[PDB]
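1. Fold the following.
(chains A, B, C, D, E, F, G and H)
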Amino acid sequence: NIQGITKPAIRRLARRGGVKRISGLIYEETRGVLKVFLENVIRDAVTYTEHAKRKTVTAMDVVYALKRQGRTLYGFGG
Amino acid sequence: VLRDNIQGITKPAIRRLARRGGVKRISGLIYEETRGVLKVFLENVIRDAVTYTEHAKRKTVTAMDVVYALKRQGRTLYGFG
Amino acid sequence: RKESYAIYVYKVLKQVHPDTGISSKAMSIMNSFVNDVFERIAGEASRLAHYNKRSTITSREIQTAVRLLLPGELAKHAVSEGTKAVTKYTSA
Amino acid sequence: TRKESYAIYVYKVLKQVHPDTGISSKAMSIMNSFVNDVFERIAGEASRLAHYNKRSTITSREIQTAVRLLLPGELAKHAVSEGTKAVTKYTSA
Amino acid sequence: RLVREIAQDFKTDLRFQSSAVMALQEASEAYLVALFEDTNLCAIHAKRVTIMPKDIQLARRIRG
Amino acid sequence: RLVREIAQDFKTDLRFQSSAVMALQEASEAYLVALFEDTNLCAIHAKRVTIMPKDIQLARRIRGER
Amino acid sequence: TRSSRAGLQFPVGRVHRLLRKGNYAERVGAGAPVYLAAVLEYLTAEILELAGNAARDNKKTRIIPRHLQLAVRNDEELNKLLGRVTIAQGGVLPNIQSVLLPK
Amino acid sequence: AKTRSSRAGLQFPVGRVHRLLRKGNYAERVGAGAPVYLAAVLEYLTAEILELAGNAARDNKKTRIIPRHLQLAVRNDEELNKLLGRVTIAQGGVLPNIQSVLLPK
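-> Numbering: from 1, shown residues only, chains lettered A, B, ... in the order given. Find the structure here:
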């Protein structure tokens, strides 16, 4: 699962950021940061679904969790 | 009577602020760059503070106006309201 | 029925660039931007009412709210365009 | 002019926890701002939850999920436990 | 599959809207691009060209 | 006196409560102490001990303060 | 319509409706909806202007999120306004550091 | 029991909480259990801080809690630090911390 983002995907994300040379331990460290980031966002997203009494997390719940996490996102709702 | 004074000193104060922060060695240009950061920081905070006094129709900037201005600047402060 | 400021974004777009279009994704991005600025200004004005022991949001609450949220020039031009529109509305 | 505050109740909780301790005036106002901050954070989050679910009232569910959002894990767990106890105790009498 | 895996540890039997996953992917990549930008700036500050885990750790520590 | 100078450029003929100045000083020093903490971390990361303007600029760049 | 009375395009009535149906105050002023809508219409005109220019540069008629991202990030104030905002399918500005360039 | 605070075993005023929640423009209507439950959360967080503040007062050998004790109490806790992460306490100072490389030989 977590190893589904590896080798060129971690390389492509670096190129868009402007990185030239990538050390070997970046890939594992990148997964850990992405893991913690996803854990935080999904937690607040799931919390809204728990209050709304739903078994399906809507696009709003993702947006609203990002808004509370200081990661405002345009495009997937009002 | 000679006078000839200036403002914006803070020459040893930048040394004391560094010690409480844990800095050991201070370069000479740190102080001038430190003053510039303090100017911009004060400019942002006082701007939002003065705006509340303008809305409140007052000629006196209260401590509260500073508090919400710091609150608006993400610099929440306890003790003055 | 879902409401949006879509048709007015088209109108403003044609007034500025008559020979240009917009995509569905970019339109929804514009919709969220309008609502975001809406909530920020209305939220700040609401705080201004509570801070001054007031129960109504008048023109002054909106004006000082735009002074707070926008950085200088965008705030300068927003106050000018708004006070112009309010004066034109007050006339008729 | 009457100036309201949570002062006398912070004293009670302080004496209930540490009867042989005091507090200064500056630290007292700091505690007051803490109470008002937590008040505004929860009430603001609950207000958003009401608007988000197309409701016009803020019930206990909005406050509970708001505290789930604001407090980190253990503080949230203990807050929900202490609160649900008090609400059940209030509903009883 | 990764997002479903992370969410499975929070609540069982959950369904995701396709737009919800795309929004998670959009914000995740934007966060990662922004992090590598700060990471590359940190690595260059250390007179280096190659990014290293100590650069990310310092960047996220300063970010809070 | 420095804050009075800064406020004169925003609105003329202003009076300050003494508590307002103290609150401004509290938030200013806390911001500067925290900044020097991040500045010292940057200098140590560059295999140095001495803080330099490039360290403060790097710290404010990571914070997003542009 | 009150929007026509102010020469504005955004619906003053819908703004007045949303201000009452959002629990911000006991009352809502009469000039506030006109003045809030004018700021919104000005800000949308600012973005659409720079977005159409970026569309002309890319030799495309329809504005895509790439154009919005480039427009907001090239402006110094629009970047500060939307500093905590991520635009979907927006990308980043082309930027390569000097030390990383070949020599 | 006349006061609703006594009916909930809480110290913070449920009535003042109910008043301030209605007089703050957050919603049309206001639940009955929300003032009780909001006051309980407030009372728990104040008790947590005063507990660690009283402990810091015992460590500093002082009877009255000063803002230094509140600062030490909040920042030594892992969760209270994250809650008040964007908050500066007046007259609080910082934690004693010197980096390893900065230490002498």
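2. give the contact list for residue 63.
-> Unless you meant another one, I'm taking chain A. Contacts of residue A:63 were listed using Cβ atoms under 8 Å, 6 or more residues apart in numbering or on different chains, and they are A:73, A:76, A:77, E:23. Where C-beta positions appear, they are placed from N, C-alpha and C, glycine not excepted.
3. To clarify, I was referring to chain G.
-> C:13, C:20, C:21, C:22, C:23, C:26, G:48, G:51, G:52, G:54, G:55.
4. before we move on, the earlier item: ok, and the most crowded of the contacts of residue A:63?
-> Within the contacts of residue A:63, neighbour counts (other Cβ atoms under 10 Å in any protein chain shown) peak at residue E:23, which reaches 27 neighbours.
5. is the helix or strand it falls within up against chain A anywhere?
-> Residue E:23 belongs to helix E:18-45 when assigned by DSSP states H and E. Yes: interface with chain A: helix E:18-45 contributes E:19-20, E:22-24, E:26-29, E:31-37, E:39-40 (Cβ under 8 Å from any Cβ of the partner chain).
6. Kindly identify which of these also come near chain C.
-> Okay, of those, nothing touches chain C (Cβ under 8 Å from any Cβ).
7. does residue C:33 really touch residue G:47, like I thought?
-> Yes: here residue C:33 reaches residue G:47: they are 7.3 Å apart, a contact under Cβ atoms under 8 Å.
8. ok, now which ones touch residue A:22?
-> A:10, A:11, A:14, E:50, E:51 are the contacts of residue A:22 under Cβ under 8 Å, 6+ apart.
9. And residue A:37, by the same measure?
-> So residue A:37 contacts E:28, E:31 (Cβ under 8 Å, 6+ apart).
10. for it, helix, strand, or coil?
-> helix (DSSP: H, G, I helix; E, B strand; the rest coil).
11. follow-up on the earlier one: which one of the contacts of residue A:22 is nearest residue C:90?
-> residue A:14 (56.9 Å; Cβ to Cβ).
12. Whichever strand or helix holds that closest one near chain F at all?
-> Assigned by DSSP H and E, residue A:14 belongs to helix A:8-17. No: Helix A:8-17 is not in contact with chain F by Cβ under 8 Å from any Cβ; minimum separation 14.0 Å.
13. quick one: the next helix or strand after that helix to chain centroid distance?
-> The helix or strand immediately downstream of helix A:8-17 is strand A:21-22, counting by DSSP H and E. Remark: strand A:21-22 is offset 22 Å from the chain centroid, using Cα atoms, centre = their mean, to the nearest Å.
14. Please apply the same query to stretch A:14-23.
-> For stretch A:14-23, the distance to the chain centre is 19 Å (Cα atoms, centre = their mean).
15. From start to finish, how long is it in a straight line?
-> 11 Å (Cα to Cα, to the nearest Å).
16. State the distance from residue G:9 to residue C:85.
-> 10 Å (Cβ to Cβ, to the nearest Å).
17. which of the two has more neighbours?
-> residue C:85 (25 against 22).
18. check which helix or strand covers the more buried one.
-> Counting by DSSP H and E, residue C:85 is part of helix C:73-91.
19. Can you identify each of the helices in chain G by residue range?
-> Here chain G has its helices, by DSSP state H, at G:2-5, G:12-20, G:31-57, G:65-74, G:76-81.
20. which of the ones you listed sits most buried?
-> Burial of the helices of chain G is given as mean neighbour count (mean count of other Cβ atoms under 10 Å in any protein chain shown); helix G:31-57 ranks first at a mean of 23.
21. how far does that helix sit from the chain's center?
-> The answer for helix G:31-57 is 6 Å, by Cα atoms, centre = their mean.
22. returning to what we had before: and the helix holding residue E:23, is it in reach of chain G?
-> Yes: Helix E:18-45 is in contact with chain G by Cβ under 8 Å from any Cβ, via E:23, E:26, E:27, E:30, E:33, E:37, E:40, E:41, E:44.
23. With that, I have no additional questions.
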